[PDB]
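Raw structure.cif, mmCIF, C-alpha atoms:
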data_structure
loop_
_atom_site.label_atom_id
_atom_site.label_comp_id
_atom_site.auth_asym_id
_atom_site.auth_seq_id
_atom_site.Cartn_x
_atom_site.Cartn_y
_atom_site.Cartn_z
CA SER Z 245 -7.38 21.09 30.28
CA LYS Z 246 -7.25 18.79 33.31
CA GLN Z 247 -10.82 17.70 32.54
CA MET Z 248 -9.70 16.81 29.03
CA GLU Z 249 -6.85 14.77 30.51
CA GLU Z 250 -9.12 12.53 32.56
CA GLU Z 251 -11.77 12.12 29.87
CA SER Z 252 -9.05 11.36 27.32
CA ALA Z 253 -7.93 8.57 29.62
CA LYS Z 254 -11.54 7.37 29.83
CA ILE Z 255 -12.09 7.39 26.06
CA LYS Z 256 -8.80 5.54 25.64
CA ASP Z 257 -10.16 2.90 28.02
CA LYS Z 258 -13.39 2.76 26.01
CA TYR Z 259 -11.33 2.17 22.87
CA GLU Z 260 -9.43 -0.61 24.63
CA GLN Z 261 -12.62 -2.48 25.56
CA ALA Z 262 -14.13 -1.85 22.13
CA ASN Z 263 -11.12 -3.36 20.36
CA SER Z 264 -10.91 -6.22 22.85
CA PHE Z 265 -14.45 -7.33 22.08
CA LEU Z 266 -14.13 -6.51 18.37
CA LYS Z 267 -11.29 -9.00 18.02
CA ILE Z 268 -13.39 -11.47 20.05
CA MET Z 269 -16.34 -11.22 17.66
CA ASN Z 270 -13.98 -11.45 14.67
CA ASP Z 271 -12.59 -14.67 16.13
CA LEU Z 272 -16.21 -15.76 16.64
CA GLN Z 273 -16.87 -15.40 12.91
CA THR Z 274 -13.61 -17.23 12.27
CA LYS Z 275 -14.76 -20.10 14.49
CA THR Z 276 -18.12 -20.06 12.72
CA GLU Z 277 -16.55 -20.65 9.31
CA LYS Z 278 -14.21 -23.13 11.01
CA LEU Z 279 -17.18 -25.15 12.24
CA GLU Z 280 -18.71 -24.94 8.77
CA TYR Z 281 -15.71 -26.45 7.01
CA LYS Z 282 -15.21 -28.98 9.82
CA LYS Z 283 -18.81 -30.12 9.34
CA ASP Z 284 -18.10 -30.45 5.62
CA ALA Z 285 -15.02 -32.54 6.46
CA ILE Z 286 -17.09 -34.75 8.78
CA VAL Z 287 -19.61 -35.16 5.95
CA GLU Z 288 -16.81 -36.40 3.71
CA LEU Z 289 -15.55 -38.65 6.51
CA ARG Z 290 -18.90 -40.37 7.04
CA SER Z 291 -19.22 -40.71 3.26
CA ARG Z 292 -15.79 -42.32 2.90
CA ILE Z 293 -15.79 -44.77 5.83
CA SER M 245 -15.95 27.81 7.10
CA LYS M 246 -15.62 26.97 3.40
CA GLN M 247 -12.15 25.65 4.20
CA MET M 248 -13.80 23.53 6.89
CA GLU M 249 -16.32 21.80 4.65
CA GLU M 250 -13.78 21.16 1.89
CA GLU M 251 -11.35 19.67 4.42
CA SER M 252 -14.12 17.49 5.86
CA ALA M 253 -15.27 16.25 2.45
CA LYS M 254 -11.81 15.33 1.22
CA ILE M 255 -10.99 13.62 4.52
CA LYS M 256 -14.27 11.69 4.20
CA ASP M 257 -13.13 10.51 0.76
CA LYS M 258 -9.85 9.48 2.37
CA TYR M 259 -11.93 7.59 4.95
CA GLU M 260 -13.76 5.72 2.20
CA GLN M 261 -10.48 4.70 0.56
CA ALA M 262 -9.04 3.58 3.90
CA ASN M 263 -12.13 1.51 4.74
CA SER M 264 -12.02 -0.13 1.30
CA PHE M 265 -8.38 -1.10 1.80
CA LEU M 266 -9.11 -2.31 5.34
CA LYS M 267 -11.92 -4.61 4.24
CA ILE M 268 -9.71 -5.80 1.36
CA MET M 269 -6.99 -6.90 3.77
CA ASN M 270 -9.58 -8.39 6.13
CA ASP M 271 -10.75 -10.56 3.24
CA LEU M 272 -7.07 -11.26 2.54
CA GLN M 273 -6.51 -12.66 6.03
CA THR M 274 -9.75 -14.61 5.74
CA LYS M 275 -8.42 -16.12 2.51
CA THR M 276 -5.15 -16.84 4.32
CA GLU M 277 -7.02 -18.94 6.87
CA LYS M 278 -8.91 -20.44 3.92
CA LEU M 279 -5.65 -21.56 2.33
CA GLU M 280 -4.52 -22.92 5.69
CA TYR M 281 -7.48 -25.18 6.34
CA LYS M 282 -7.86 -26.11 2.66
CA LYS M 283 -4.27 -27.35 2.42
CA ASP M 284 -4.74 -29.16 5.73
CA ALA M 285 -7.78 -30.96 4.30
CA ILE M 286 -5.95 -31.63 1.02
CA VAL M 287 -3.21 -33.39 3.00
CA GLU M 288 -5.71 -35.90 4.39
CA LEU M 289 -7.44 -36.18 1.00
CA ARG M 290 -4.13 -37.21 -0.57
CA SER M 291 -3.51 -39.52 2.39
CA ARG M 292 -6.62 -41.57 1.57
CA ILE M 293 -7.08 -41.30 -2.21
CA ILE K 1024 -12.69 -44.37 -9.02
CA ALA K 1025 -15.19 -42.22 -7.14
CA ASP K 1026 -12.27 -41.27 -4.88
CA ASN K 1027 -10.13 -40.52 -7.95
CA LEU K 1028 -12.77 -38.16 -9.33
CA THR K 1029 -12.79 -36.48 -5.92
CA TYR K 1030 -8.99 -36.27 -6.09
CA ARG K 1031 -9.17 -34.64 -9.52
CA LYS K 1032 -11.70 -32.01 -8.47
CA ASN K 1033 -9.71 -31.28 -5.31
CA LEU K 1034 -6.61 -30.86 -7.47
CA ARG K 1035 -8.12 -28.06 -9.55
CA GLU K 1036 -9.73 -26.50 -6.47
CA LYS K 1037 -6.29 -26.34 -4.87
CA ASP K 1038 -4.82 -24.91 -8.08
CA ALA K 1039 -7.47 -22.18 -8.16
CA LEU K 1040 -6.78 -21.36 -4.51
CA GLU K 1041 -3.03 -21.25 -5.18
CA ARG K 1042 -3.62 -18.81 -8.02
CA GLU K 1043 -5.92 -16.59 -5.94
CA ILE K 1044 -3.56 -16.47 -2.95
CA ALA K 1045 -0.66 -15.48 -5.20
CA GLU K 1046 -2.71 -12.73 -6.85
CA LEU K 1047 -4.01 -11.22 -3.61
CA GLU K 1048 -0.55 -11.44 -2.05
CA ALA K 1049 0.81 -9.59 -5.08
CA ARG K 1050 -1.82 -6.95 -4.34
CA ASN K 1051 0.12 -6.02 -1.16
CA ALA K 1052 -2.64 -3.76 0.13
CA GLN K 1053 -1.35 -3.72 3.72
CA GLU K 1054 1.58 -1.33 3.23
CA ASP K 1055 -0.43 0.85 0.85
CA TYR K 1056 -3.23 1.19 3.39
CA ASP K 1057 -0.70 1.90 6.14
CA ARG K 1058 0.60 4.82 4.08
CA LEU K 1059 -2.97 5.90 3.31
CA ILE K 1060 -4.04 5.86 6.96
CA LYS K 1061 -0.90 7.77 8.00
CA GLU K 1062 -1.76 10.43 5.42
CA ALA K 1063 -5.38 10.38 6.62
CA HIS K 1064 -4.36 10.89 10.25
CA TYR K 1065 -2.03 13.77 9.44
CA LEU K 1066 -4.68 15.42 7.25
CA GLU K 1067 -7.21 14.98 10.06
CA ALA K 1068 -4.81 16.74 12.43
CA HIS K 1069 -4.41 19.55 9.88
CA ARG K 1070 -8.18 19.92 9.56
CA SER K 1071 -8.48 19.89 13.35
CA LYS K 1072 -6.00 22.74 13.76
#

Would you write out, as structure tokens, the structure that this file holds?
Amino acid sequence: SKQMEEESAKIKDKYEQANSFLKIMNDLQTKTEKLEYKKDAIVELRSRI
Amino acid sequence: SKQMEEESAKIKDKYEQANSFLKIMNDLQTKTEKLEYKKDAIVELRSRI
Amino acid sequence: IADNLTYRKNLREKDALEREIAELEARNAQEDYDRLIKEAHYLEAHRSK
């Protein structure tokens, strides 16, 4: 039971790091599409002026 | 044991439904950001045209 | 007039986006999935016991 206590703490930590980098990669995809539409906007900007 | 496999199968179906809803709302938040940047761009489009 | 054609197409693009956002907001999948995942978790606990 004590063993399960410490390894439960460890797996909780593993979940914390997993979620912390999962949100990071999700934001990375968000920034990717952000750069895409910003490039489209810059295309329109060079076209207009 | 039969109870075990039936429980596992129905919970797996529940998993499939949950994952479908999760990806649906993920696309929903993506569309939310889409609306955000699209209306931002539309503001400048109306500013010039 | 090129700019005005751009304005027109942007107008209907914005209208389509405004329709889609309203529809997917009316879907309201977040609360439904919250209920579904609560049920899933409790059923998983039942299968575990």

The PyMOL selection byres ((chain K) within 12 of (chain Z)) applied to the shown file, residues as a ChimeraX atom specification: /K:1025-1026,1029

Range 265-273 of chain Z: which residues within 12 Å, counting all atoms listed in the file, same-chain residues fewer than 4 positions away excluded, as a PyMOL selection string? (chain Z and resi 258-261+277-280) or (chain M and resi 270-271+273-274+277)

Apply the PyMOL selection byres ((chain K and resi 1039-1042) around 12) to the file shown and report the selected residues as a VMD selection string. (chain M and resid 275 to 283 286) or (chain K and resid 1032 to 1038 1043 to 1049)

With chain M fixed, least-squares superpose chain Z over all its C-alpha atoms paired in order and give the RMSD in Å.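 The superposed chains show a C-alpha RMSD of 0.4 Å.
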
For a test of reading the model, state the distance in Å between CA of residue 253 in chain M and CA of residue 1058 in chain K, rounded to one decimal.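 If I compute the distance from CA of residue 253 in chain M to CA of residue 1058 in chain K, I get 19.6 Å.
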
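One finds CA of residue 264 in chain M at 23.6 Å from CA of residue 1071 in chain K.
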
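Closest approach to chain M from the set Z:262, Z:255, Z:284, Z:250 is made by Z:284, with distances taken over all atoms listed in the file.
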
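The shortest atom-to-atom distance to chain Z, with only C-alpha atoms taken into account, belongs to M:289 out of M:289, M:252, M:246, M:263.
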
Rounded to one decimal place, report the CA of residue 1067 in chain K-CA of residue 251 in chain M distance in Å. 8.4 Å

I'd like to know which of M:291, M:285, M:254, M:248 is closest to chain Z, using all atoms listed in the file.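 Answer, going by the shortest atom-to-atom distance: M:285.
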
Since fewer atoms than expected are present, regenerate N, CA and C atoms for range 247-283 of chain M and write them as a PDB file, keeping the file's coordinate frame.
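What follows is the written file part.pdb:
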ATOM      1  N   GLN M 247     -13.296  26.527   3.984  1.00  0.00           N
ATOM      2  CA  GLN M 247     -12.150  25.650   4.200  1.00  0.00           C
ATOM      3  C   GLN M 247     -12.549  24.429   5.017  1.00  0.00           C
ATOM      4  N   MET M 248     -13.422  24.628   6.005  1.00  0.00           N
ATOM      5  CA  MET M 248     -13.800  23.530   6.890  1.00  0.00           C
ATOM      6  C   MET M 248     -14.542  22.453   6.120  1.00  0.00           C
ATOM      7  N   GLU M 249     -15.541  22.841   5.322  1.00  0.00           N
ATOM      8  CA  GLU M 249     -16.320  21.800   4.650  1.00  0.00           C
ATOM      9  C   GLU M 249     -15.480  21.104   3.583  1.00  0.00           C
ATOM     10  N   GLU M 250     -14.604  21.842   2.888  1.00  0.00           N
ATOM     11  CA  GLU M 250     -13.780  21.160   1.890  1.00  0.00           C
ATOM     12  C   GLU M 250     -12.821  20.173   2.549  1.00  0.00           C
ATOM     13  N   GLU M 251     -12.217  20.572   3.673  1.00  0.00           N
ATOM     14  CA  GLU M 251     -11.350  19.670   4.420  1.00  0.00           C
ATOM     15  C   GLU M 251     -12.118  18.423   4.850  1.00  0.00           C
ATOM     16  N   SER M 252     -13.323  18.618   5.390  1.00  0.00           N
ATOM     17  CA  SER M 252     -14.120  17.490   5.860  1.00  0.00           C
ATOM     18  C   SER M 252     -14.480  16.549   4.722  1.00  0.00           C
ATOM     19  N   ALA M 253     -14.874  17.098   3.571  1.00  0.00           N
ATOM     20  CA  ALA M 253     -15.270  16.250   2.450  1.00  0.00           C
ATOM     21  C   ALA M 253     -14.102  15.439   1.919  1.00  0.00           C
ATOM     22  N   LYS M 254     -12.947  16.080   1.724  1.00  0.00           N
ATOM     23  CA  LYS M 254     -11.810  15.330   1.220  1.00  0.00           C
ATOM     24  C   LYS M 254     -11.313  14.297   2.227  1.00  0.00           C
ATOM     25  N   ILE M 255     -11.364  14.613   3.521  1.00  0.00           N
ATOM     26  CA  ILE M 255     -10.990  13.620   4.520  1.00  0.00           C
ATOM     27  C   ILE M 255     -12.007  12.480   4.563  1.00  0.00           C
ATOM     28  N   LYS M 256     -13.284  12.761   4.299  1.00  0.00           N
ATOM     29  CA  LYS M 256     -14.270  11.690   4.200  1.00  0.00           C
ATOM     30  C   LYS M 256     -13.968  10.770   3.021  1.00  0.00           C
ATOM     31  N   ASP M 257     -13.556  11.343   1.889  1.00  0.00           N
ATOM     32  CA  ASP M 257     -13.130  10.510   0.760  1.00  0.00           C
ATOM     33  C   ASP M 257     -11.937   9.646   1.145  1.00  0.00           C
ATOM     34  N   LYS M 258     -10.978  10.241   1.857  1.00  0.00           N
ATOM     35  CA  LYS M 258      -9.850   9.480   2.370  1.00  0.00           C
ATOM     36  C   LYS M 258     -10.321   8.345   3.276  1.00  0.00           C
ATOM     37  N   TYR M 259     -11.337   8.617   4.098  1.00  0.00           N
ATOM     38  CA  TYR M 259     -11.930   7.590   4.950  1.00  0.00           C
ATOM     39  C   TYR M 259     -12.476   6.442   4.119  1.00  0.00           C
ATOM     40  N   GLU M 260     -13.193   6.768   3.044  1.00  0.00           N
ATOM     41  CA  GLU M 260     -13.760   5.720   2.200  1.00  0.00           C
ATOM     42  C   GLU M 260     -12.664   4.850   1.603  1.00  0.00           C
ATOM     43  N   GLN M 261     -11.594   5.476   1.107  1.00  0.00           N
ATOM     44  CA  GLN M 261     -10.480   4.700   0.560  1.00  0.00           C
ATOM     45  C   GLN M 261      -9.849   3.811   1.621  1.00  0.00           C
ATOM     46  N   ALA M 262      -9.643   4.357   2.822  1.00  0.00           N
ATOM     47  CA  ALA M 262      -9.040   3.580   3.900  1.00  0.00           C
ATOM     48  C   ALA M 262      -9.913   2.395   4.285  1.00  0.00           C
ATOM     49  N   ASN M 263     -11.226   2.604   4.382  1.00  0.00           N
ATOM     50  CA  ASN M 263     -12.130   1.510   4.740  1.00  0.00           C
ATOM     51  C   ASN M 263     -12.139   0.439   3.654  1.00  0.00           C
ATOM     52  N   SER M 264     -12.101   0.851   2.384  1.00  0.00           N
ATOM     53  CA  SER M 264     -12.020  -0.130   1.300  1.00  0.00           C
ATOM     54  C   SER M 264     -10.761  -0.974   1.427  1.00  0.00           C
ATOM     55  N   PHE M 265      -9.614  -0.337   1.660  1.00  0.00           N
ATOM     56  CA  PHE M 265      -8.380  -1.100   1.800  1.00  0.00           C
ATOM     57  C   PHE M 265      -8.422  -2.003   3.033  1.00  0.00           C
ATOM     58  N   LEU M 266      -9.029  -1.522   4.117  1.00  0.00           N
ATOM     59  CA  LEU M 266      -9.110  -2.310   5.340  1.00  0.00           C
ATOM     60  C   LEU M 266      -9.947  -3.564   5.136  1.00  0.00           C
ATOM     61  N   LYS M 267     -11.120  -3.422   4.518  1.00  0.00           N
ATOM     62  CA  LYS M 267     -11.920  -4.610   4.240  1.00  0.00           C
ATOM     63  C   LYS M 267     -11.237  -5.524   3.230  1.00  0.00           C
ATOM     64  N   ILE M 268     -10.474  -4.964   2.288  1.00  0.00           N
ATOM     65  CA  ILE M 268      -9.710  -5.800   1.360  1.00  0.00           C
ATOM     66  C   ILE M 268      -8.730  -6.678   2.123  1.00  0.00           C
ATOM     67  N   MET M 269      -7.969  -6.090   3.049  1.00  0.00           N
ATOM     68  CA  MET M 269      -6.990  -6.900   3.770  1.00  0.00           C
ATOM     69  C   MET M 269      -7.664  -7.846   4.760  1.00  0.00           C
ATOM     70  N   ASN M 270      -8.829  -7.467   5.286  1.00  0.00           N
ATOM     71  CA  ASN M 270      -9.580  -8.390   6.130  1.00  0.00           C
ATOM     72  C   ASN M 270      -9.966  -9.635   5.339  1.00  0.00           C
ATOM     73  N   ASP M 271     -10.476  -9.434   4.122  1.00  0.00           N
ATOM     74  CA  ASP M 271     -10.750 -10.560   3.240  1.00  0.00           C
ATOM     75  C   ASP M 271      -9.470 -11.318   2.910  1.00  0.00           C
ATOM     76  N   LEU M 272      -8.347 -10.604   2.820  1.00  0.00           N
ATOM     77  CA  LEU M 272      -7.070 -11.260   2.540  1.00  0.00           C
ATOM     78  C   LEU M 272      -6.679 -12.214   3.657  1.00  0.00           C
ATOM     79  N   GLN M 273      -6.815 -11.775   4.908  1.00  0.00           N
ATOM     80  CA  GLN M 273      -6.510 -12.660   6.030  1.00  0.00           C
ATOM     81  C   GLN M 273      -7.505 -13.807   6.115  1.00  0.00           C
ATOM     82  N   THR M 274      -8.772 -13.534   5.801  1.00  0.00           N
ATOM     83  CA  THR M 274      -9.750 -14.610   5.740  1.00  0.00           C
ATOM     84  C   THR M 274      -9.344 -15.655   4.711  1.00  0.00           C
ATOM     85  N   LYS M 275      -8.918 -15.209   3.529  1.00  0.00           N
ATOM     86  CA  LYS M 275      -8.420 -16.120   2.510  1.00  0.00           C
ATOM     87  C   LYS M 275      -7.153 -16.837   2.970  1.00  0.00           C
ATOM     88  N   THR M 276      -6.330 -16.177   3.783  1.00  0.00           N
ATOM     89  CA  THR M 276      -5.150 -16.840   4.320  1.00  0.00           C
ATOM     90  C   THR M 276      -5.550 -18.032   5.180  1.00  0.00           C
ATOM     91  N   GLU M 277      -6.503 -17.826   6.088  1.00  0.00           N
ATOM     92  CA  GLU M 277      -7.020 -18.940   6.870  1.00  0.00           C
ATOM     93  C   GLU M 277      -7.676 -19.984   5.965  1.00  0.00           C
ATOM     94  N   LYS M 278      -8.321 -19.525   4.889  1.00  0.00           N
ATOM     95  CA  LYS M 278      -8.910 -20.440   3.920  1.00  0.00           C
ATOM     96  C   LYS M 278      -7.858 -21.361   3.333  1.00  0.00           C
ATOM     97  N   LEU M 279      -6.767 -20.777   2.839  1.00  0.00           N
ATOM     98  CA  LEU M 279      -5.650 -21.560   2.330  1.00  0.00           C
ATOM     99  C   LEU M 279      -5.135 -22.528   3.381  1.00  0.00           C
ATOM    100  N   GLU M 280      -4.998 -22.056   4.621  1.00  0.00           N
ATOM    101  CA  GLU M 280      -4.520 -22.920   5.690  1.00  0.00           C
ATOM    102  C   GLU M 280      -5.370 -24.173   5.813  1.00  0.00           C
ATOM    103  N   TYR M 281      -6.665 -24.003   6.084  1.00  0.00           N
ATOM    104  CA  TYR M 281      -7.480 -25.180   6.340  1.00  0.00           C
ATOM    105  C   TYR M 281      -7.681 -26.008   5.075  1.00  0.00           C
ATOM    106  N   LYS M 282      -7.705 -25.365   3.905  1.00  0.00           N
ATOM    107  CA  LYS M 282      -7.860 -26.110   2.660  1.00  0.00           C
ATOM    108  C   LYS M 282      -6.657 -27.010   2.407  1.00  0.00           C
ATOM    109  N   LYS M 283      -5.440 -26.500   2.611  1.00  0.00           N
ATOM    110  CA  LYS M 283      -4.270 -27.350   2.420  1.00  0.00           C
ATOM    111  C   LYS M 283      -4.211 -28.437   3.485  1.00  0.00           C
TER     112      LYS M 283
END
